[PDB]
Every structure is written in C-alpha cells, then in structure tokens.
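The structure under discussion appears below in the form of structure tokens.
Note: ideal-geometry Cβ built from the backbone for every residue, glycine included; neighbour counts use all protein chains shown. Each answer follows from the model by the rule given with it, or from the source it names; none is laboratory data.
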2 protein chains.
Amino acid sequence: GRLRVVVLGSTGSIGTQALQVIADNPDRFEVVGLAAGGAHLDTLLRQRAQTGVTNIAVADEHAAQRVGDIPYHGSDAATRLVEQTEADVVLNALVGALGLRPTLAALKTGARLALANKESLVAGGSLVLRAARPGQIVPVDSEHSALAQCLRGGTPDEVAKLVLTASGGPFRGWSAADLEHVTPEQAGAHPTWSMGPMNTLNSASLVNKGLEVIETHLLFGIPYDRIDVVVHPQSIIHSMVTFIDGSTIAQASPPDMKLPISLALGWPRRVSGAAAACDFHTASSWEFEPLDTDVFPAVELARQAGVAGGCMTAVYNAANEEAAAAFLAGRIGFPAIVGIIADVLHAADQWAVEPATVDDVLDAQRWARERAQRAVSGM
Amino acid sequence: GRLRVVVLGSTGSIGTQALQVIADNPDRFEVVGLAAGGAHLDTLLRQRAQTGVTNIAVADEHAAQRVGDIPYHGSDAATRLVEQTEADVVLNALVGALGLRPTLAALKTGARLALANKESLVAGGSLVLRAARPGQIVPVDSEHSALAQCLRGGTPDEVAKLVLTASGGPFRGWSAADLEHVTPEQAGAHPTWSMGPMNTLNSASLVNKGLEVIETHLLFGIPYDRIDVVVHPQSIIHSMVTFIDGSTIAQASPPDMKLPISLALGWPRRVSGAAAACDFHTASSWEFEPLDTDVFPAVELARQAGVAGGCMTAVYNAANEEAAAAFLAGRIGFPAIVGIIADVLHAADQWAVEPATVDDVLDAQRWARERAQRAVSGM
Ligand SMILES: NC(=O)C1=CN([C@@H]2O[C@H](COP(=O)(O)OP(=O)(O)OC[C@H]3O[C@@H](n4cnc5c(N)ncnc54)[C@H](OP(=O)(O)O)[C@@H]3O)[C@@H](O)[C@H]2O)C=CC1
Ligand SMILES: NC(=O)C1=CN([C@@H]2O[C@H](COP(=O)(O)OP(=O)(O)OC[C@H]3O[C@@H](n4cnc5c(N)ncnc54)[C@H](OP(=O)(O)O)[C@@H]3O)[C@@H](O)[C@H]2O)C=CC1
Ligand SMILES: CC(=O)N(O)CC[C@@H](c1ccc(Cl)c(Cl)c1)P(=O)(O)O
Ligand SMILES: CC(=O)N(O)CC[C@@H](c1ccc(Cl)c(Cl)c1)P(=O)(O)O
Ligand SMILES: [Mn+2]
Ligand SMILES: [Mn+2]
C-alpha cells in the first residue's frame, strides 16, 4: 500500500510539515529520499535519525562533508537523488527556480510530482508541461490545491473564471507613498503563522500572487483574462471557481499547509485528520475587497509576462529574485521590487520565445538576473 | 440532446421560473406537459397558448368545468398525466402532501425527478427512497443543490459532515425573551401575491431549516448528528461539505432559484447564464454565527424526529402546519410553535413504523394535526 516519497528541501517550512504528515500516516507513506541546501544540518541530522533514511542529498559541498556519509552532494545532488531513487511521489519543496532541474528529473522518472516549488513551473513553462503527463503534477500550493478540488465538479467549457484569493500581505491598504518606508522587518514577520523567507516577502510584494496566477494558467489551461484575484484578509477561503451558470464553488479551511500537502501526497485520496476543519461553533466573517493594482501592480505584471509567454515568465521570476535579494540586503526600497521587474520585462523582447531546452530558460534567467543587477546598481 | 420536461405546478413560483429557463434554452429543453391546481386556470391556459402544450392537467374539476377541453382533470390528474406522458424529466413543483403520488408515479416511469415538493421527501420518506433509484432524484432546493455540487469534492466515505446555511430570519440572534412579544406581521407573515405566509414563517422559526435537514439525510444518506446548521445572514453560501481531511467545499451565488432549478433540469450539465455570478469587484462580507438551540430548538427536533424515522417526519411537518396556523391566528405565541411541535412528536411513538402505503402517511398527518390542535386549545 504505502506510497514511496522523496522530499526535496525537507529541512524547510513545507518540508518539515510534510514529514509530519508522513510520520502521522505510516500506513499511507514511506520516506525514501531527503534533500536540503545544507544550512540546517542539525534539522537534517534529526530528520535522518527519525525517519531512518540515509539516502540523502546536500547541496553545499562543505556541509555534506562535515556530516559525512552523504551519497549525493553539490548543486546537482538533488537532481541525482531523484534520478536514482525509485519513488511514487516527489514532493518538491525546494525554494527558487533552482528547483527547475529536480522537477524535470522527477517528471522523467514517471513518479507523481507534489509541487510546492512554484518557481520551477513558472520558469519551466511549456518546457515542464511537455515533460509532464496529464495529472502528473499535483499542486501543494493552497490556492491551487483549492482550485483543483473546486474543479473536480465540472468540465473546462463550463468554467467562467478562476478566482484566486490573496491575503493582501501586511501592507494591504497602504499607499505607494507609505510603502516606500517599508523595512525588511515588516516584510518578513508574520503575526499568526509562518512560511519560508522568500515566500513571505513575495506575499508582501504581491509578487507571490503574481507567481500563482501564472502557475494557474500553466496548471489548469485557463487563459489569463479569466483568472481573477481578490483580497481576502482572513485567508479561510483559499480559492474559488465561477461556472457559466453563475454558480461558485470554493474550498475553505483554517490556514494550515498540512492540508494541501497531505492531499497532494495522498492524491486522489484525502488523508483523515490531516488538518482541522472550519469551526462554525463561533461567529466569524469572511471579507473580500479588490486588490489595489496601482499600489501593487505585481499581479498585472505577471499576467503581461504570461500573455507574452515563452521564457518571459522565467524573466519575471529571475528579476524578482534579484530585486528581493537586493531589498532584504538593504540596497533598494520596497516599491523598487515591482519597479525593477517592469524594467527588466520591458527589455525581455528576445525572450518571448518558447524554450526548446532547459538551457534556453537558464539563458533567459541568466539575462534577467544581470539586467536586474544593472537596474539595481542603477539606483 | 433535448430533454423533455413535465412541469407539475406550472403556475407557481418554482414552476414559472423553470418555464422561463426552458423558454430561454430551447436547444436543451422542451415542455411536453403542464399541471396546475386550478386556482390560476387562466395562467395555465395562457401557458397552453404560449408554449403550445395541450397536454395539460388541472386538479380542480370545478375550474376544469370552465374550459371543457382539458385532457386530464380531477384529483390524480397530475399523476395520470405523468403516467401517460413520455419524458426525460418530471419537475415536481407541487405543494403539500398531494405532491406525493405524482413523485411516486414519476419515479416509476424511470424519468429523472427534479424534486421541489418538500412533502414528497419529508412525509413520504421511506416510500420515496425505496421507490427511486440512485441519482434519479435531483434536488431543486437551493440548499440541497449546493450540497449536491459540493459533494463532488470527495467520495461518500470522505464526508465528515454536511453544513446547511440558514438566513436566521427576522429574529436572528434574538433572545428567548424577545421572542415573547413576537407578532405575525413581524415574522413577515404577509399576504404576498404568490406564496403564502408559511415559508416566511418557517424561515423565521427555523422549521424550514429543520425540514431541509431532514431532506438532506434522505437525499445523501448522512447521519443526522453529522448534519450541522449555521446562520449566514447574506445567504450567499447555501451549504458546505466538510471532509475528513479538513477541507471544506462551499457553493456561493447571489440568491436566484433559477440557478438550482436549471441544475435539476439538466443535471449534471450546467446551463449557461442561468443566474448572475458573485462579482468580486465589490468589497463584500460573508458572516457566520451559530444558532442558539435553546432559543430555536426547531432544528434539534427535526433531527430527533428523523432519527426516529418512519412517519415521524410526516408528524413533524403536520404538527408544524397547525401550530403555525395557531400562531397566525393569535391563538398562541411565537415560542409556542416549536413547543407544540415538541409535544405532538413526544406522543407519536406509534408512528415510528415504516409507512407501507401513501395512506399510512396521510393518516399520520391527519393524526398529528388533531393532537396539535388539542395542545393549542389546551384540550
Ligand atoms: N511555506 C509555505 O507556507 C508555502 C510554501 N510554498 C512554496 O514551497 C517552496 C518552499 O517553501 P518553503 O518551505 O517555505 O521555503 P524554505 O526556505 O522554508 O525551505 C527551502 C528548502 O530548500 C532547501 N534548499 C535551498 N537551496 C537549496 C539548494 N541549492 N539545493 C537543495 N536544496 C536547497 C533548504 O535547505 P536548507 O536547510 O539548507 O535551507 C530548505 O530545506 C517555495 O518555492 C514556496 O514558494 C508554497 C505555498 C506555501
Ligand atoms: N419557492 C421557493 O423558493 C422554494 C420552494 N420549495 C418547494 O417547492 C414546492 C413548490 O413551491 P412553490 O412553487 O413556491 O409553491 P406555489 O404555491 O408558488 O405553487 C404551487 C403549484 O402547485 C399547483 N397545485 C396545487 N395543488 C395542486 C394539485 N392538487 N394538483 C396539481 N397542481 C397543484 C398550483 O396551481 P394553482 O396555484 O393554480 O392552484 C401551483 O402551480 C414546495 O413544496 C416548496 O416547499 C423549495 C425550495 C425553495
Ligand atoms: C500559504 C500559501 O499558500 N501562500 O501563498 C502564502 C502567501 C499567501 C498567504 C499569506 C497568509 C496566509 Cl494565512 C495564507 Cl493561507 C496565504 P498570500 O495570499 O499572502 O500571497
Ligand atoms: C391578467 C392580470 O392582469 N392579472 O394580474 C392576473 C393575475 C392572476 C394571478 C395572480 C397570482 C398568481 Cl400567483 C398567478 Cl400565476 C396569476 P389572477 O389569478 O388574480 O387572475
Ligand atoms: Mn499560495
Ligand atoms: Mn431552501
């Protein structure tokens, strides 16, 4: 019975929650592979001693060294683990477009792919899709896990709009003016639950949502002018679908990535007690309000990148990563993140071409990153 | 494919909206028979003129006398028309227990039953289930249509509970006291041109939700203690399905029965443009609050009555019918409606038996009214 799972980026936020669900359901899953950057050795050590898995991948050469006994090391350590470890599912919980190679390697083994690393799909684009077979990529991201469950009840020609909900980030309601005084402390702190750093910042910049709009077009095949976004502070409703008759179906639950993770891992069977359900034993209200595009153009920028397509989406992400890094380092301002992105994108003309090989994509991201530094150093 | 529809109760609210839907979607539907009571004979004859259907039935002979060329007339006219008409869908929009025979005749023809009539299920419980085959009955009630669509979110064995939403009525969140000086007009007991003061009252009394809770059990097989009710003022979400993993699927839409009516008619294919969808260009809110059962025991009784099965639900509804009348005639106070219902059910233990024939159900009701009328006059 048990499904054989490989966890990439097991030491991270998604990763550890994934091993909890696997630990709490030994009847459904078995851990057969682990991979990490190398920055959280003690975590990785305790993960090995607990799951009893030694088939491990560590990116950092020096780190893999002082730990000893690690079969795969170096930047390709994660991709090699995938190619040589038989599994049923590969949970890609790595962060960044760097996870693009493990994703392709995973699809190529034929195993299912629990995707969390959205950047590999955004950057991969059509390249990754050709690699995947119908329904091989199961979403872990909560908006997509939701859309999936909501679409279970219908056919595409009956779908009118896909409505993605966004928390609005912690600066929701502010003006372009106020935004300029934002500091790395305010865009990486969260009052009620936690995620990784990069994903936390993108949440504040609304670029994460932009990233999810593209992930949606790619995963579900719905055109960009039929994928909506709406701010929902509570983040209880995780996404909705509107059908041609006027009916809307939506997925809801108290925030907890454990939910979409256990579903992705157990696809197509739900996992009992994976998470807590909405409690109507006590009053509450679910609010909705439109996103302010003038103050947060991030999502419009994503759509534009998407419509143009090709490696244009990889540029979008490559640019963001460089500016977000420049931002947290204290080299540029917050409004500058989206700003630097429109700049890089306005010049990405030669990249509207679909990628023929990973290389075409590495080339586009390469270009984007530099053009992004040039724009940063331009300030 | 063009489905052939038989509309029972064509001059009513559900029936005229069904005809609007059919009129605006000829490519999908076609009317091949209409049935009314005779209270609005002129409207029925005009419908004959408009649609071109001569295959009509009127219950009232007196009324039928005023026309002379009606194929089916007299008690059982509607049942005869069903048995005599070839069709793909019979829409039962009849009111009261007299809608029970037509529902049964319909199921026997094997046609799809878009069931609106509440007594068919609430009164003829086991008689209707044993008679219908799986998936033959598609609900027209907004709450049930919602649950039908949300259940596509998982298998029957993954459903942890069904959550029906109620508007709460006019005395929503009121205190047990407040309900003392409650008068008829307050409970919206107005003489509207179309539907009687009962709905508005059952809705203000939560007895409607109770009946809906009973119909839910019989339609989806979910044990009563796993059927919750929650107050939702806006009435946008119509019901939700919570699964064993914590995910909850909800169905939202602006209030318009044409939506659930167009579902039942062409299930499972959605009808383009049936109703208007939820627009999120506008900042709205969906509020939820629990129901104080100690102030509205209405729903708790429905569950007790339905757990007892047999004709006990018929008792529940008949007992309410009279009690409601007593309140509408000042004979009793508001809190007294559910209280009297409480009494009548506590003494109907004999009606726990499964009804064998339609007469078994009518008797239970004839009985419950008597007993309820007694508790009013205090005899
Ligand atoms: N956290 C959340 O709530 C959500 C996350 N996601 C997505 O899931 C993905 C991961 O999110 P998250 O867990 O929060 O990010 P984290 O920062 O918490 O973890 C990132 C993981 O990747 C590993 N890693 C970093 N670099 C490399 C490398 N070069 N080679 C191999 N492994 C590496 C890290 O190992 P190390 O121990 O050395 O750091 C770490 O385990 C992201 O793409 C994100 O967008 C999506 C929706 C929700
Ligand atoms: N209205 C709503 O929003 C909802 C209604 N429902 C249920 O759907 C059912 C019908 O609702 P609704 O349309 O509003 O009720 P209506 O009073 O508006 O219409 C009842 C219809 O049945 C006809 N009728 C009455 N008696 C007979 C008879 N003996 N033989 C043949 N036809 C007869 C009437 O004709 P005539 O008037 O000429 O006598 C009329 O066309 C009910 O059981 C109700 O509870 C469920 C959910 C929502
Ligand atoms: C959990 C998840 O899926 N995310 O994308 C984290 C970021 C998003 C977010 C932030 C906070 C919460 Cl509680 C939730 Cl459910 C989602 P956002 O809507 O701000 O972009
Ligand atoms: C012809 C005209 O102007 N009318 O207002 C007809 C209204 C008629 C009417 C009244 C109420 C209903 Cl619900 C229906 Cl279907 C039809 P009536 O039964 O009163 O004749
Ligand atoms: Mn997300
Ligand atoms: Mn209803």
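Mind checking which residues of segment B:2-32 are within 16 Å of ligand 4 (Cβ to nearest atom), free of Cβ contacts under 8 Å to residues at least 40 places away in the same chain and either among the acidic types (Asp, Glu) or part of a helix (DSSP H, G or I) (or both)? Correct list: B:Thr16, B:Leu19, B:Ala23.
Residue check: is A:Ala105 of a type in the set (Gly, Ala, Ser), away from ligand 3 (no atom under 16 Å from the Cβ) and over 29 Å from A:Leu206 (Cα atoms)? The answer is yes for A:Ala105. Looking at this structure, is B:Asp225 more than 19 Å from the chain's Cα centre (by Cα), in contact (Cβ under 8 Å) with a residue 40 or more places away in the chain and in a helix (DSSP H, G or I)? Criteria met by B:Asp225. Within segment A:304-312, identify whether any single residue is assigned to a loop (DSSP other than H, G, I, E, B), surrounded by 23 or more Cβ atoms within 10 Å (Cβ to Cβ) and touching a helix residue (DSSP H, G or I) at 6+ places or on another chain (Cβ under 6 Å), and answer yes or no. Scanning segment A:304-312, I find at least one residue that is assigned to a loop (DSSP other than H, G, I, E, B), surrounded by 23 or more Cβ atoms within 10 Å (Cβ to Cβ) and touching a helix residue (DSSP H, G or I) at 6+ places or on another chain (Cβ under 6 Å), so the answer is yes.
Within segment A:124-151, being within 16 Å of ligand 5 (Cβ to nearest atom) and either in a helix (DSSP H, G or I) or farther than 14 Å from A:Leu113 by Cα (or both) holds for A:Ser142, A:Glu143, A:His144, A:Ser145, A:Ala146, A:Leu147, A:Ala148, A:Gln149, A:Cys150. Per the listing A:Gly221, A:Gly246, A:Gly210, the residue uniquely away from ligand 2 (no atom under 16 Å from the Cβ), over 14 Å from A:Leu301 (Cβ atoms) and in contact with a helix residue (DSSP H, G or I) (Cβ under 6 Å, 6 or more places away or on another chain) is A:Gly246. Could you tell me whether any residue of segment A:40-53 is assigned to a loop (DSSP other than H, G, I, E, B), outside the structural domain of A:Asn317 (by CATH) and polar (S, T, N, Q)? No, every residue in segment A:40-53 fails to be assigned to a loop (DSSP other than H, G, I, E, B), outside the structural domain of A:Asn317 (by CATH) and polar (S, T, N, Q).
How many of the residues in segment B:238-268 are within 8 Å of chain A (Cβ to nearest Cβ) and either touching a residue at least 24 places away in the same chain (Cβ under 8 Å) or basic (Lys, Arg) (or both)? Final tally of qualifying residues: 16. Taking residues in segment A:144-159 that are within 9 Å of chain B (Cβ to nearest Cβ) and in contact (Cβ under 8 Å) with a residue 24 or more places away in the chain, and partners anywhere that are basic (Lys, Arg) and assigned to a helix (DSSP H, G or I), the pairs with Cβ atoms closer than 6 Å and at least 6 places apart or on different chains are A:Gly153/B:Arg152. Out of curiosity, is B:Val231 in contact with a strand residue (DSSP E or B) (Cβ under 8 Å, 6 or more places away or on another chain) and either of a type outside the set (A, V, I, L, M) or within 12 Å of chain A (Cβ to nearest Cβ) (or both)? For B:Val231, the condition - in contact with a strand residue (DSSP E or B) (Cβ under 8 Å, 6 or more places away or on another chain) and either of a type outside the set (A, V, I, L, M) or within 12 Å of chain A (Cβ to nearest Cβ) (or both) - is met.
Report whether or not A:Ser205 is within 17 Å of B:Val241 (Cβ to Cβ), within 14 Å of ligand 1 (Cβ to nearest atom), more than 7 Å from chain B (Cβ to nearest Cβ) and in contact (Cβ under 8 Å) with a residue 60 or more places away in the chain. When the stated conditions are applied, A:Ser205 does not pass them. Checked against the criterion of being among the aromatic types (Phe, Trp, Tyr), within 15 Å of A:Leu151 (Cα to Cα) and either out of contact with any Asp or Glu (no Cβ under 8 Å at 6 or more places or on another chain) or more than 14 Å from ligand 5 (Cβ to nearest atom) (or both), segment A:222-230 contains not a single residue that satisfies it. Please find, within segment A:160-199, the residue that is farthest from the other protein chains (Cβ to nearest Cβ) out of those that are in a loop (DSSP other than H, G, I, E, B), surrounded by 19 or more Cβ atoms within 10 Å (Cβ to Cβ) and of a type outside the set (A, V, I, L, M, F, W, C). Among those that are in a loop (DSSP other than H, G, I, E, B), surrounded by 19 or more Cβ atoms within 10 Å (Cβ to Cβ) and of a type outside the set (A, V, I, L, M, F, W, C), it is A:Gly169.
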